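Notes follow once the structure below has been shown.
Counting neighbours? That spans all protein chains shown, and the Cβs are built from the backbone with ideal geometry, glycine included. Values in this text are rule-based calculations from the coordinates and carry no lab data.
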Amino acid sequence: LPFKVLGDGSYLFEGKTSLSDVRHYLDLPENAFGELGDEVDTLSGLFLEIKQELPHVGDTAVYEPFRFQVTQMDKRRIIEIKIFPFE
């Protein structure tokens, strides 16, 4: 599985996970990531589409009701994103 379920209600996903697969694993409606999400294929792509800059570890992005944080990178790529708990 491309994700971890954390005890605090948050999730850790591989950055390359498709938005399709994020919606699948988190039981989200089709429009969860909206028009912006329709422009990209992956969770790290959504982060880049929101922030429009090269990423660093520790960066955050919001697409309500979601909040994302880059928790790990290799030398050039986002490899893990935290999705905070959401209502």
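In this structure, does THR17 turn out to be touching a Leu at 6+ places or on another chain (Cβ under 6 Å), in contact (Cβ under 8 Å) with a residue 24 or more places away in the chain and either more than 15 Å from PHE84 (Cα to Cα) or loosely packed, with under 12 Cβ neighbours inside 10 Å (or both)? Yes.
The set of residues from the stretch 20-51 being hydrophobic (A, V, I, L, M, F, W, C) and either assigned to a strand (DSSP E or B) or touching a residue at least 60 places away in the same chain (Cβ under 8 Å) (or both) comprises just one member, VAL22. Only one entry in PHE33, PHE86 is out of contact with any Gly (no Cβ under 9 Å at 6 or more places or on another chain) and not charged (D, E, K, R), namely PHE33.
The set of residues in the stretch 20-44 being aromatic (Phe, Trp, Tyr) and surrounded by fewer than 14 Cβ atoms within 10 Å (Cβ to Cβ) is empty.
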